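First the structure, in the form of C-alpha cells, and then the observations on it.
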Amino acid sequence: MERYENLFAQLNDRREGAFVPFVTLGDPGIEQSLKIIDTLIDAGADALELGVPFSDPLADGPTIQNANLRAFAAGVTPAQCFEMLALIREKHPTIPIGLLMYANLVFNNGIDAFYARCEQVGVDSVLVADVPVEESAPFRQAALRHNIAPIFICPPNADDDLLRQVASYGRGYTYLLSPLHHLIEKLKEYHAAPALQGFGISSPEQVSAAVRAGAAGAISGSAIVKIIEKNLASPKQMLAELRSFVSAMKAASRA
Amino acid sequence: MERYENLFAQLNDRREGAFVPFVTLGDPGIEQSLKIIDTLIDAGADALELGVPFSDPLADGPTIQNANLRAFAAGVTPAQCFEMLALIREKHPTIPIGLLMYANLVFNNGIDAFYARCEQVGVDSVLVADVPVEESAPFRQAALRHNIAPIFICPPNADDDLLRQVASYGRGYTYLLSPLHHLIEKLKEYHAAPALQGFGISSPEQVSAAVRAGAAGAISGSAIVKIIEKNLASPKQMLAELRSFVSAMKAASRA
Amino acid sequence: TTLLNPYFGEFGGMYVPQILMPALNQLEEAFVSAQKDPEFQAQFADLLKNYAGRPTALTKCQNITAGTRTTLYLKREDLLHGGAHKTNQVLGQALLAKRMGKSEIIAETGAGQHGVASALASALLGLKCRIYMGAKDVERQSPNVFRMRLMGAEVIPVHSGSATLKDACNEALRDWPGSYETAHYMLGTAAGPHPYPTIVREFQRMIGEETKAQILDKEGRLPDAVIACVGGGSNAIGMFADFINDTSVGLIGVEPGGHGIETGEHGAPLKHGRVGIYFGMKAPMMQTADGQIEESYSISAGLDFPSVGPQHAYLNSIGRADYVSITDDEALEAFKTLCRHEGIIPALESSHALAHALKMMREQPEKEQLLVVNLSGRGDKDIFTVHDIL
Amino acid sequence: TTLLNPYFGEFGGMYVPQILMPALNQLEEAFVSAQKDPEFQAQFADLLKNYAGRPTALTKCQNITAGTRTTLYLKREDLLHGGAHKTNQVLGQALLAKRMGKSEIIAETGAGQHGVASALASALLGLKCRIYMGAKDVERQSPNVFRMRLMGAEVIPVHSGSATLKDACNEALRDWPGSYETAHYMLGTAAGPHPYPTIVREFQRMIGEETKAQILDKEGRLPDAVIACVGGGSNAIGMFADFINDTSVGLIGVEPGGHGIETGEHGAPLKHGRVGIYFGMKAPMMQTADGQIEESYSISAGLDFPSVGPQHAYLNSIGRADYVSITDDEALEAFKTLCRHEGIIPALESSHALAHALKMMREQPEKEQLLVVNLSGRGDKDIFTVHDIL
Ligand SMILES: *Cc1c(COP(=O)(O)O)cnc(C)c1O
Ligand SMILES: *Cc1c(COP(=O)(O)O)cnc(C)c1O
Ligand code: NA
Ligand code: NA
C-alpha cells in the first residue's frame with residue numbers, strides 16, 4: 001500500500017499541510033480509545049500516530065508517561081492494541097496509520113513477525129523510539145519486506161552524514177524533531193520522505209509555521225493527550241473538546 | 001588509741017574469737033543506720049567495719065552495690081558519714097571502728113586531711129579497697145601519723161614476699177580474704193596483725209571454723225546487708241532479725 | 001560509527017534515541033583519549049590510593065574452611081572508601097566528566113549505594129550532582145538518601161512506572177538529551193548503551209589486577225576460580241577481566257535466586273530471563289511474555305538491576321564464565337557465617353558470592369581448591385534486615 | 001615491683017585490689033616478651049595488613065583549605081576494618097591473650113565500638129568474648145549490640161550505678177579477679193592501671209609512624225601539628241607517640257566541650273576536671289566536689305570515658321602537648337563541612353579534632369601551616385543523630 005504517498009499527493013494537490021495527532025492506544029480504556037480515534041479522524045486528522053503502552057517509555061515526557069499508566073490500569077496489552085488497529089483499519093481504509101513503538105515490543109517475539117503483524121492489520125509505518133539509525137538495519141529491512149515504512153527522527157542538530165542516512169533509510173515521512181529551514185532543505189535535497197514536524201506542537205500558529213518553513217505537516221500528541229487527561233470523568237466533554245482542537249489545528253494547515 | 005590491741009587481748013583472755021559485722025553508713029537512711037549499728041553492738045559485735053557510699057565500688061558484689069544505691073537514694077554523703085561516726089564513737093568509746101573506703105574518697109581533698117578527720121572522730125582503722133601494698137606508702141604513712149591502723153588484704157594465694165609486706169605494713173588486724181592454715185601461720189610467723197577472715201562468712205559454723213584454723217575472728221557484711229535489704233518496709237522486723245543473726249554469729253566465736 | 005566495538009557477540013549495542021547518540025560518541029572519544037593519556041592515569045591512580053584506600057587487602061579465611069581442602073580468600077572491597085567497589089568507577093567517570101568540561105553529574109540508583117558513591121565523588125571533584133531514585137526506593141533507603149544530601153547532591157524521586165530502579169534509569173535517559181553539553185550521566189553498572197559496559201569494566205579492572213598480584217604473592221599460582229555476585233555486573237567484571245585470558249581460572253557469577261528460581265520471585269535474568277532490548281542495550285531481561293520489563297526480586301536490595309551487563313551474557317554464551325544463583329536464605333546463612341567465624345560483616349549482595357563458595361567447599365570437602373570471593377561491600381547497612389528476619 | 005614504669009610523672013599507677021595485681025604483673029611480663037619476640041611482631045603486622053587493611057591512606061583536603069595558607073591532611077583510620085582505629089590495638093591484645101594461653105576475653109564498652117572491635121577480633125582468633133555494657137547504653141546502641149551478637153560475643157548489661165560506661169568498667173574489674181587464669185581483660189583505651197596505658201599506646205603507635213612516613217613522602221618535612229580527639233586517649237596517643245621526640249611538631253588533643261565548658265555539661269576532665277583515683281589509675285576525672293565519679297557529656301557517644309589516659313595528663317603538665325575543647329555545635333559543623341566538601345563522613349568523635357583544625361585555619365587564614373587531623377573513625381553511625389538535630 002502507499003497510503004502516505006497517496007496522502008501527501010492529495011494534500012499537495014490542495015497546497016495543504018497534514019495535521020497528524022498522536023494518542024496512546026487504550027487510553028483511558030479500549031472502548032473510549034476507539035471513540036477518541038474516530039473523533040480525531042472525523043474532526044480532520046490526516047493520519048494517526050498511535051502508541052502501544054510500554055512499561056518503560058524512556059523517550060516520553062510526563063503527559064505520555066501518564067497515558068501509558070492509564071492504559072495499563074485498564075489491562076491494555078500489545079495483542080489488544082493489534083485487535084484495535086484491525087478494527088480502526090476496517091472503518092477507515094485510506095488514512096495512514098503509524099505506530100510509535102519501543103524496541104523491546106518489536107524485538108520480543110521476533111522482528112520480522114512484528115512487522116508481518118503490522119502488515120496484516122493495515123499499519124503503514126513504525127517509528128521505534130530507541131533504535132537510532134546505527135542500530136536500525138534489521139528493523140528497516142524487515143519493515144520494507146512487509147511494506148511498512150520505517151520512520152526515523154532527524155534531531156535538530158543532525159550533521160550531514162545523519163541527514164543523508166535518514167534520507168536514505170526512512171520512508172513515509174521523516175519525523176523532524178522540533179529555524180528548521182536548513183534541515184528541511186537538506187532533507188529535500190537528499191530526497192527524504194516528506195517532513196512532519198513534531199514535539200511541542202500545541203496551537204494552530206505552529207501548524208502554520210511548520211508548513212511555511214517547508215514541512216509537509218505537523219504532529220501533536222501531548223496536547224491531544226492532555227485533553228483526555230483533563231476530561232476523564234466526562235467522556236462526552238472529552239470528545240467535544242478533542243473535536244474542537246483537532247478541527248482548529250487542521251484548519252491551520254489549509255492554504 | 002590501741003582499741004584493736006585492747007580488744008584482741010580481752011578476747012584472748014577469754015579464748016574467744018571476734019565477730020565483726022559490716023554495714024554501709026546511711027543505708028537505708030541515716031537514722032535507721034544509726035539504730036542498725038546500735039543493734040549490732042548490743043547483740044554482740046566486737047568491732048564494726050563501716051562503708052562510706054561511693055559511686056563506683058569496683059570491689060564489691062551486688063548486695064553491697066545495692067546498699068550503696070540505697071544510701072545515695074537517701075542523700076548520704078562522706079561528710080554526713082563522718083557526723084554519724086562521731087555520734088557512734090560518743091555512744092560507744094571502746095569498740096573498734098574500721099572504715100572500708102575507696103581511694104578516691106581518701107585522696108579527694110588530701111590524704112593526710114582524710115586520716116586527720118578519722119583520728120578526730122574516733123575511727124581506728126581504714127582499709128582502702130583499691131590500694132594494693134605497692135601503691136600504699138602515702139596512705140599507710142598518713143594513717144600511722146594520725147594513729148589509724150592501715151588494713152591490708154592478704155589474698156588467698158599471696159606469695160611469700162606479699163605475706164611479708166602485709167605483715168610489715170598493716171596494723172590492727174590483717175584482712176584474710178576467704179585451708180587458710182598456711183597463710184595464717186605464715187602471718188603469725190611474720191608477726192602480722194591478727195587475722196580476721198572475710199568474704200562469704202554467713203553462718204555460725206564458719207565463724208567457728210575461722211577461729212579453729214587460727215584466725216582471731218571473722219567479718220560478715222553481705223549477710224548482714226541482706227537482712228536490711230529483706231526488711232526495708234518493716235524497720236522493727238529489721239532490727240529483730242539483725243539482733244538474732246549477730247547474737248548467733250557471736251555465740252559461735254565463744255570457747 | 002564508533003571507535004570501539006559496542007557489542008560482545010550478539011549482546012550490547014547503543015539502543016537510545018537518536019538525540020542521545022552524540023553524547024555517547026563524545027563520551028567514547030573522551031574515554032579512548034583518557035586511556036592513552038598518562039596524566040589522566042596518574043590522577044585516577046592517585047585518587048584511588050590516597051582518597052579511596054587502594055589497594056584493598058586480600059584476606060585468607062582459615063576459620064571458614066577448616067576441615068576441608070578449600071583455601072578461600074576474600075578480596076576486600078568492603079574496605080574501600082564508601083564501603084563498596086562502586087567508588088572505584090565513579091572516581092574515573094567523574095574525572096572523565098571533567099576532562100570533557102562538564103560541571104554537572106546525573107546518576108540513577110536503587111538501594112542508594114551508587115547515589116552515595118556518585119555524590120561523594122562529585123563533592124570531592126566540585127561537580128554538581130543530581131540523582132534520580134524511584135520513590136519506593138527513597139522511602140525505603142532513608143540512610144542513603146540522607147548521606148547523599150549531606151554530600152550536597154540533589155536527590156530527585158521518580159514516581160512513574162514501578163517507582164524503582166528501572167524507572168530512575170528511564171528518567172536519567174530522559175534528562176540527558178537536554179543536558180549532555182554540560183552534564184555527564186554517571187551510569188552505575190557495566191550495562192546500558194556503549195560505551196558504558198566497557199568504561200565501567202576498565203574502571204573496575206583494578207579489582208582483579210590486584211587479586212592476581214596478591215594471590216601470586218601469597219600462594220604462587222592463580223586461583224582455581226574467582227566468584228562474584230552479579231546485579232548489573234560491575235564488581236564481577238572488575239574481578240574477572242584480568243583473568244579472562246588465564247584459561248585455567250574459573251569465572252563464576254552469582255545472580256540472586258530470591259525465594260527460589262521456580263517461584264519466579266528472583267533476579268536472575270542471565271540464566272532465567274529472555275533477551276530483550278531496554279536501557280540502551282540488547283541483553284537478558286526480567287520481562288513479561290509480552291515484553292513489559294519487570295523488577296528483579298532479592299533480599300539484597302543492591303542486586304535489583306533487572307538485566308545484566310552484555311559482556312557477562314557473552315562470556316556465558318561462549319562458556320568462558322559460568323553463572324549460578326543463590327537464594328535469599330543461602331545468602332543469609334553465608335552472612336551469619338562470615339560474621340561469626342571471621343569477624344567480617346559482608347553486604348548481603350556479596351553474601352551471595354560467599355554462599356556459592358561455601359557450597360563449592362561443603363558439597364566436595366575433600367576437593368583441593370583455591371577460591372577468591374570478591375567481597376564487594378560491607379554489610380553494616382544490612383544488620384537489621386538480618387535482625388528483623390531472624 | 002614491675003618491669004616498666006607504671007607512672008607518667010604523677011599520673012598512672014596500679015590502683016586495683018590486691019587480688020588483681022598478679023593478673024597485671026603477668027600481663028606486663030607477657031607484653032615485654034612479646035615486644036621482643038619477632039614472631040609476635042610478624043603475626044601482628046600480618047593481621048594489621050591483610051585483615052585490617054593497614055596502612056591506611058593519608059588524604060589531602062584541598063577543598064576545605066581553599067583560599068587559606070593551611071594544608072590539611074586526614075589520617076584515614078575511618079578506612080580501617082571496623083571503621084575506627086580501635087581495631088588496631090584489639091588485634092594486638094587478642095594475640096597477647098593467646099600468647100598467655102587464655103581462651104576468653106572480657107571487654108567493656110560505652111557507645112559500642114570497642115565491644116564490636118573486641119568481638120571481631122575474638123571471632124577471628126577463636127576467643128570466647130564477653131562484653132559488659134551499661135544498660136542505658138545497650139538501650140541506645142541497638143546496632144552495635146546486634147553486631148556484637150552476630151560476631152558471637154555475649155553482651156552483659158550492667159544496671160548498677162549510672163548504667164553507663166564507668167559502671168561497665170567496674171563490672172569488668174569485678175569479674176577479672178575470678179577469671180584471669182583463662183580470661184584476659186581487653187581494656188578499650190590508653191587508660192586504666194598499668195600496663196594498659198603503655199600496651200594500648202604501643203599497639204596504636206603505627207598511626208603516627210605511618211603518618212610520619214606518609215607526610216615526609218608527600219611534603220618532605222614533618223607537620224606543624226597533629227590533632228586528635230581525646231575520649232580516653234588511644235587514638236591520640238597512637239598519633240602522637242612517634243612524634244613526641246620531634247620537638248617542632250605540635251601535639252594537640254581535643255576533648256569534648258559538650259554544651260560549653262561553663263555549663264558544666266562537657267567531657268573535658270584533663271583541662272576542667274580534678275585529679276582523682278579510679279579505674280586503676282591516678283588521673284584527671286569528672287567528679288563531684290566530694291569525690292563521686294560522674295559521666296562525661298558529649299554529643300558524641302564515644303567520647304564518654306570520664307577521665308583520660310595518664311600519659312596525656314603528663315604530656316600536658318610538661319608542656320609537650322596542648323589540650324583544647326570543641327563544643328557539640330562546632331563538631332556538628334565540622335562533620336557537615338567534611339561531608340559536603342570532601343565526600344567523607346567522619347565520626348562525630350573525630351569531628352571534634354577536625355573542628356579544631358578548622359578553627360586554627362579560619363582564625364589565622366594567612367598563617368602557613370601543615371596540619372594532620374587523625375580521622376579516628378567513619379560517621380555512618382552518626383548520620384541520623386546529625387539528622388535528627390538538624
Ligand atoms: C550495588 C552493589 C552490587 C551490585 O552491582 P554490580 O554492578 O553487579 O556490582 C554488589 N555489591 C555491592 C556491595 C553493591 O553495593
Ligand atoms: C571510641 C572512639 C574514640 C575515643 O577513644 P579514644 O581512646 O580517645 O581514641 C574516638 N574516635 C572513635 C571513632 C571512636 O570510636
Ligand atoms: Na540483574
Ligand atoms: Na575523657
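Ordering of the C-alpha cells sets the chain letters (A, B, ...); residue numbers start at 1 within each chain; ligands are numbered from 1 in the order shown.
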Q.
Can you work out which residues are within 8 Å of ligand 1, considering only C-alpha atoms and all ligand atoms, and then hand them over as a PyMOL selection string?
A. chain C and resi 78+83-86+111+113-114+188-190+229-236+302-305+308+347-350+375-379
> Any idea what's packed within 12 Å of residue 12 of chain A, counting only C-alpha atoms, ignoring anything in its chain fewer than 4 positions away? Could you give it as a VMD selection string?
Replying inline: chain A and resid 5 to 8 16 to 18 194 211 214 to 217 253 to 255
Set out as JSON lines a contact list for chain D and chain C with a cut-off of 6 Å, giving each residue of chain D that qualifies its closest atom pair and distance in Å to one decimal, counting only C-alpha atoms, ordered by chain and rising residue number.
```
{"residue": "D:50", "atom": "CA", "partner": "C:57", "partner_atom": "CA", "distance": 5.2}
{"residue": "D:51", "atom": "CA", "partner": "C:59", "partner_atom": "CA", "distance": 5.6}
{"residue": "D:53", "atom": "CA", "partner": "C:57", "partner_atom": "CA", "distance": 5.6}
{"residue": "D:57", "atom": "CA", "partner": "C:50", "partner_atom": "CA", "distance": 5.2}
{"residue": "D:59", "atom": "CA", "partner": "C:50", "partner_atom": "CA", "distance": 5.4}
{"residue": "D:120", "atom": "CA", "partner": "C:343", "partner_atom": "CA", "distance": 4.1}
{"residue": "D:123", "atom": "CA", "partner": "C:343", "partner_atom": "CA", "distance": 5.3}
{"residue": "D:124", "atom": "CA", "partner": "C:342", "partner_atom": "CA", "distance": 4.6}
{"residue": "D:150", "atom": "CA", "partner": "C:339", "partner_atom": "CA", "distance": 5.9}
{"residue": "D:151", "atom": "CA", "partner": "C:340", "partner_atom": "CA", "distance": 4.2}
{"residue": "D:152", "atom": "CA", "partner": "C:340", "partner_atom": "CA", "distance": 5.4}
{"residue": "D:339", "atom": "CA", "partner": "C:151", "partner_atom": "CA", "distance": 5.0}
{"residue": "D:340", "atom": "CA", "partner": "C:151", "partner_atom": "CA", "distance": 4.2}
{"residue": "D:341", "atom": "CA", "partner": "C:123", "partner_atom": "CA", "distance": 5.5}
{"residue": "D:342", "atom": "CA", "partner": "C:124", "partner_atom": "CA", "distance": 4.6}
{"residue": "D:343", "atom": "CA", "partner": "C:120", "partner_atom": "CA", "distance": 4.1}
```
Put those residues in a file: C-alpha atoms, as a PDB file, in the first residue's frame.
```pdb
ATOM      1  CA  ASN D  50      45.835  -8.475  55.430  1.00  0.00           C
ATOM      2  CA  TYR D  51      42.929  -8.424  57.787  1.00  0.00           C
ATOM      3  CA  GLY D  53      43.783  -3.087  55.764  1.00  0.00           C
ATOM      4  CA  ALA D  57      45.724   6.473  53.494  1.00  0.00           C
ATOM      5  CA  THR D  59      44.347  12.204  52.337  1.00  0.00           C
ATOM      6  CA  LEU D 120      35.552  -9.116  65.721  1.00  0.00           C
ATOM      7  CA  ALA D 123      35.749 -14.222  66.311  1.00  0.00           C
ATOM      8  CA  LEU D 124      38.842 -14.179  64.080  1.00  0.00           C
ATOM      9  CA  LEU D 150      26.331 -11.604  65.139  1.00  0.00           C
ATOM     10  CA  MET D 151      30.006 -11.986  65.890  1.00  0.00           C
ATOM     11  CA  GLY D 152      29.380 -14.462  68.638  1.00  0.00           C
ATOM     12  CA  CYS D 339      30.712  15.535  54.103  1.00  0.00           C
ATOM     13  CA  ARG D 340      29.956  18.414  51.633  1.00  0.00           C
ATOM     14  CA  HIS D 341      33.493  19.443  50.629  1.00  0.00           C
ATOM     15  CA  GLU D 342      35.492  16.210  50.663  1.00  0.00           C
ATOM     16  CA  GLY D 343      32.776  13.443  50.411  1.00  0.00           C
TER      17      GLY D 343
END
```
Produce a table with one row for each residue of chain D that has an atom at most 6 Å from any atom of chain B, each row naming the nearest atom pair and its distance in Å at one decimal; use only C-alpha atoms; arrange rows by chain and rising residue number; format as a Markdown table.
```
| residue | atom | partner | partner_atom | distance |
| --- | --- | --- | --- | --- |
| D:15 | CA | B:131 | CA | 5.1 |
| D:16 | CA | B:130 | CA | 4.4 |
| D:17 | CA | B:130 | CA | 4.4 |
| D:18 | CA | B:132 | CA | 4.8 |
| D:19 | CA | B:155 | CA | 5.7 |
| D:170 | CA | B:58 | CA | 4.6 |
| D:174 | CA | B:59 | CA | 5.9 |
| D:276 | CA | B:104 | CA | 5.6 |
| D:277 | CA | B:104 | CA | 4.8 |
| D:291 | CA | B:105 | CA | 5.6 |
| D:292 | CA | B:55 | CA | 5.4 |
```
message = Let me see if you get this right: every residue at most 12 Å from ligand 3, counting only C-alpha atoms and all ligand atoms, written as a ChimeraX atom specification.
response = /C:165-166,189-191,229-234,236,253-258,266-273,283-287,294-298,300-310,312-313,323,325,349
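Straight-line separation from atom CA of residue 95 of chain B to atom CA of residue 23 of chain B: 15.1 Å.
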_strand (DSSP E) call set, DSSP backbone run, segment 70-280 of chain C, as an NGL selection string_ = :C and (70-76 or 104-109 or 128-134 or 154-158 or 183-185 or 225-229 or 250-258 or 274-278 or 280)
How would the residues just picked look written out with N, CA and C atoms as a short mmCIF file (atom, residue, chain, number, x, y, z; two decimals), in the first residue's frame?
```cif
data_model
loop_
_atom_site.label_atom_id
_atom_site.label_comp_id
_atom_site.auth_asym_id
_atom_site.auth_seq_id
_atom_site.Cartn_x
_atom_site.Cartn_y
_atom_site.Cartn_z
N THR C 70 39.51 -26.80 50.85
CA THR C 70 39.29 -25.45 50.22
C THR C 70 40.21 -24.38 50.90
N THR C 71 40.93 -23.59 50.12
CA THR C 71 41.58 -22.37 50.69
C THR C 71 40.80 -21.22 50.09
N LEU C 72 40.25 -20.35 50.97
CA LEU C 72 39.36 -19.21 50.45
C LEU C 72 39.97 -17.89 50.85
N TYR C 73 40.10 -17.00 49.91
CA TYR C 73 40.46 -15.61 50.14
C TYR C 73 39.30 -14.74 49.73
N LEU C 74 39.23 -13.63 50.45
CA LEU C 74 38.21 -12.57 50.18
C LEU C 74 38.89 -11.29 49.70
N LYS C 75 38.50 -10.82 48.51
CA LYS C 75 39.09 -9.53 48.03
C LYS C 75 38.19 -8.46 48.70
N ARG C 76 38.92 -7.57 49.48
CA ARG C 76 38.26 -6.69 50.42
C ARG C 76 37.74 -5.37 49.93
N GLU C 104 28.40 19.14 35.69
CA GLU C 104 27.24 18.51 36.38
C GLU C 104 27.23 16.93 36.14
N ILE C 105 26.70 16.22 37.12
CA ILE C 105 26.65 14.69 37.07
C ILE C 105 25.21 14.37 37.32
N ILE C 106 24.71 13.43 36.46
CA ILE C 106 23.38 12.76 36.55
C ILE C 106 23.68 11.31 36.94
N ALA C 107 23.01 10.75 37.98
CA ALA C 107 23.08 9.31 38.29
C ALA C 107 21.81 8.74 38.69
N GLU C 108 21.65 7.46 38.41
CA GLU C 108 20.48 6.75 38.95
C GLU C 108 20.83 5.88 40.11
N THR C 109 19.90 5.49 41.03
CA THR C 109 20.37 4.49 41.97
C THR C 109 19.04 3.88 42.50
N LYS C 128 28.43 19.32 40.22
CA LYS C 128 27.07 19.39 40.78
C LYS C 128 26.23 18.20 40.51
N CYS C 129 25.79 17.46 41.48
CA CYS C 129 25.28 16.11 41.29
C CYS C 129 23.85 16.06 41.55
N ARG C 130 23.16 15.58 40.52
CA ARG C 130 21.74 15.19 40.80
C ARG C 130 21.47 13.68 40.55
N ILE C 131 20.64 13.10 41.48
CA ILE C 131 20.43 11.70 41.39
C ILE C 131 18.90 11.51 41.29
N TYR C 132 18.65 10.50 40.41
CA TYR C 132 17.28 10.00 40.31
C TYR C 132 17.14 8.71 41.09
N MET C 133 16.06 8.58 41.83
CA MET C 133 15.82 7.36 42.64
C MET C 133 14.25 7.19 42.63
N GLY C 134 13.93 5.98 42.31
CA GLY C 134 12.46 5.60 42.40
C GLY C 134 11.90 6.03 43.71
N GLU C 154 21.60 16.61 44.87
CA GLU C 154 20.07 16.80 44.75
C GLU C 154 19.48 15.42 44.52
N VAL C 155 18.54 14.93 45.40
CA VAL C 155 18.02 13.58 45.16
C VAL C 155 16.61 13.90 44.62
N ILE C 156 16.29 13.37 43.41
CA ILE C 156 15.00 13.57 42.70
C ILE C 156 14.21 12.24 42.67
N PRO C 157 13.10 12.13 43.41
CA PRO C 157 12.31 10.96 43.39
C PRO C 157 11.61 10.78 42.10
N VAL C 158 11.49 9.47 41.71
CA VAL C 158 10.84 9.20 40.37
C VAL C 158 9.59 8.41 40.71
N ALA C 183 26.45 18.23 31.32
CA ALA C 183 26.26 17.18 32.32
C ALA C 183 26.70 15.78 31.73
N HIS C 184 27.30 15.05 32.64
CA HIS C 184 27.73 13.74 32.20
C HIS C 184 26.77 12.84 32.91
N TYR C 185 26.31 11.68 32.41
CA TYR C 185 25.44 10.68 33.03
C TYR C 185 26.37 9.57 33.60
N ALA C 225 39.25 -20.56 40.99
CA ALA C 225 38.02 -19.82 40.48
C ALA C 225 38.01 -18.54 41.29
N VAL C 226 37.45 -17.58 40.63
CA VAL C 226 37.04 -16.28 41.29
C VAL C 226 35.57 -16.17 41.13
N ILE C 227 34.93 -15.67 42.22
CA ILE C 227 33.48 -15.80 42.37
C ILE C 227 32.97 -14.43 42.79
N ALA C 228 31.95 -13.91 42.12
CA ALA C 228 31.42 -12.57 42.39
C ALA C 228 29.94 -12.54 42.15
N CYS C 229 29.25 -11.75 42.99
CA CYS C 229 27.82 -11.61 42.72
C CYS C 229 27.53 -10.72 41.49
N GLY C 250 38.55 -20.41 36.73
CA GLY C 250 37.10 -20.30 36.58
C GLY C 250 36.58 -18.92 36.92
N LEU C 251 35.56 -18.48 36.23
CA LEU C 251 34.90 -17.21 36.47
C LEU C 251 33.51 -17.56 36.80
N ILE C 252 33.04 -17.40 38.05
CA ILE C 252 31.69 -17.81 38.43
C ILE C 252 30.95 -16.49 38.88
N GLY C 253 29.88 -16.23 38.19
CA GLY C 253 28.99 -15.11 38.63
C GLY C 253 27.75 -15.65 39.27
N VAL C 254 27.37 -14.91 40.36
CA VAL C 254 26.21 -15.41 41.12
C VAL C 254 25.02 -14.44 41.09
N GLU C 255 23.93 -14.81 40.45
CA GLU C 255 22.78 -13.99 40.44
C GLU C 255 21.85 -14.29 41.67
N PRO C 256 21.04 -13.37 42.06
CA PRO C 256 20.11 -13.71 43.19
C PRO C 256 18.99 -14.59 42.78
N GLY C 257 18.85 -15.64 43.57
CA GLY C 257 17.73 -16.57 43.30
C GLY C 257 16.49 -16.22 44.17
N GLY C 258 16.57 -15.19 45.02
CA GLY C 258 15.35 -14.70 45.72
C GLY C 258 14.72 -15.84 46.52
N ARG C 274 14.95 -13.62 29.47
CA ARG C 274 14.97 -13.71 27.90
C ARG C 274 15.64 -12.38 27.43
N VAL C 275 16.34 -12.65 26.34
CA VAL C 275 16.99 -11.44 25.73
C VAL C 275 15.89 -10.44 25.27
N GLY C 276 16.20 -9.16 25.57
CA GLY C 276 15.36 -8.07 25.10
C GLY C 276 16.18 -6.88 24.78
N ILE C 277 15.51 -5.76 24.51
CA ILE C 277 16.23 -4.51 24.30
C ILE C 277 15.62 -3.49 25.15
N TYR C 278 16.45 -2.95 26.05
CA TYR C 278 15.98 -1.90 27.00
C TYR C 278 17.23 -1.34 27.69
N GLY C 280 19.12 0.84 26.60
CA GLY C 280 20.22 1.12 25.75
C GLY C 280 20.95 -0.07 25.19
#
```
- For residue 332 of chain D, which residue out of D:289, D:145, D:390, D:91 is the nearest one, using only C-alpha atoms?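 Nearest to residue 332 of chain D: D:390.
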For residue 141 of chain B, work out the shell of residues within 12 Å, counting only C-alpha atoms and skipping chain neighbours fewer than 3 positions away, then give it as a PDB file with N, CA and C atoms, in the first residue's frame.
```pdb
ATOM      1  N   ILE B 111      45.167  13.271 101.402  1.00  0.00           N
ATOM      2  CA  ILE B 111      45.197  12.032 102.150  1.00  0.00           C
ATOM      3  C   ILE B 111      45.490  12.342 103.577  1.00  0.00           C
ATOM      4  N   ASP B 112      46.465  13.217 103.896  1.00  0.00           N
ATOM      5  CA  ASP B 112      46.645  13.469 105.321  1.00  0.00           C
ATOM      6  C   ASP B 112      45.391  14.088 105.928  1.00  0.00           C
ATOM      7  N   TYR B 115      42.963  11.197 106.866  1.00  0.00           N
ATOM      8  CA  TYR B 115      43.283  10.442 108.062  1.00  0.00           C
ATOM      9  C   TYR B 115      43.198  11.348 109.332  1.00  0.00           C
ATOM     10  N   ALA B 116      43.484  12.586 109.223  1.00  0.00           N
ATOM     11  CA  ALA B 116      43.260  13.504 110.418  1.00  0.00           C
ATOM     12  C   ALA B 116      41.757  13.531 110.746  1.00  0.00           C
ATOM     13  N   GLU B 135      51.038   0.400  96.086  1.00  0.00           N
ATOM     14  CA  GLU B 135      50.691   1.807  95.965  1.00  0.00           C
ATOM     15  C   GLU B 135      50.429   2.483  97.322  1.00  0.00           C
ATOM     16  N   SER B 136      50.715   1.659  98.386  1.00  0.00           N
ATOM     17  CA  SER B 136      50.161   2.115  99.728  1.00  0.00           C
ATOM     18  C   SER B 136      50.932   3.099 100.509  1.00  0.00           C
ATOM     19  N   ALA B 137      52.184   3.416 100.100  1.00  0.00           N
ATOM     20  CA  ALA B 137      53.024   4.184 101.024  1.00  0.00           C
ATOM     21  C   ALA B 137      52.406   5.490 101.488  1.00  0.00           C
ATOM     22  N   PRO B 138      51.855   6.378 100.684  1.00  0.00           N
ATOM     23  CA  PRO B 138      51.335   7.642 101.296  1.00  0.00           C
ATOM     24  C   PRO B 138      50.146   7.352 102.200  1.00  0.00           C
ATOM     25  N   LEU B 144      49.442   5.925 109.977  1.00  0.00           N
ATOM     26  CA  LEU B 144      50.273   5.894 111.139  1.00  0.00           C
ATOM     27  C   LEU B 144      50.502   7.262 111.749  1.00  0.00           C
ATOM     28  N   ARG B 145      50.703   8.382 111.026  1.00  0.00           N
ATOM     29  CA  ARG B 145      50.913   9.662 111.739  1.00  0.00           C
ATOM     30  C   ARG B 145      49.667  10.031 112.485  1.00  0.00           C
ATOM     31  N   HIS B 146      48.475   9.544 112.098  1.00  0.00           N
ATOM     32  CA  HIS B 146      47.292  10.062 112.819  1.00  0.00           C
ATOM     33  C   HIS B 146      46.792   8.933 113.632  1.00  0.00           C
ATOM     34  N   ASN B 147      47.554   7.862 114.014  1.00  0.00           N
ATOM     35  CA  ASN B 147      47.213   6.777 114.942  1.00  0.00           C
ATOM     36  C   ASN B 147      46.015   6.034 114.484  1.00  0.00           C
ATOM     37  N   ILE B 148      45.969   5.787 113.173  1.00  0.00           N
ATOM     38  CA  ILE B 148      44.973   4.970 112.483  1.00  0.00           C
ATOM     39  C   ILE B 148      45.657   3.766 111.950  1.00  0.00           C
ATOM     40  N   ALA B 149      45.065   2.631 112.097  1.00  0.00           N
ATOM     41  CA  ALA B 149      45.697   1.357 111.598  1.00  0.00           C
ATOM     42  C   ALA B 149      45.400   1.285 110.077  1.00  0.00           C
ATOM     43  N   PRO B 150      46.401   1.130 109.222  1.00  0.00           N
ATOM     44  CA  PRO B 150      46.124   0.847 107.804  1.00  0.00           C
ATOM     45  C   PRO B 150      45.909  -0.711 107.670  1.00  0.00           C
ATOM     46  N   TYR B 169      53.428  -3.896 106.905  1.00  0.00           N
ATOM     47  CA  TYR B 169      52.716  -2.657 106.679  1.00  0.00           C
ATOM     48  C   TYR B 169      51.370  -2.433 107.388  1.00  0.00           C
ATOM     49  N   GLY B 170      50.705  -3.537 107.693  1.00  0.00           N
ATOM     50  CA  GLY B 170      49.377  -3.469 108.306  1.00  0.00           C
ATOM     51  C   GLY B 170      49.508  -3.259 109.809  1.00  0.00           C
ATOM     52  N   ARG B 171      48.404  -2.836 110.400  1.00  0.00           N
ATOM     53  CA  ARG B 171      48.232  -2.780 111.838  1.00  0.00           C
ATOM     54  C   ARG B 171      46.820  -3.072 112.126  1.00  0.00           C
TER      55      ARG B 171
END
```
Practice problem: Identify, with DSSP run on backbone atoms, the residues in segment 268-362 of chain D assigned to helix (DSSP H, G or I), and express the list as a PyMOL selection string. | Solution: chain D and resi 269-272+301-303+310-317+328-342+350-362
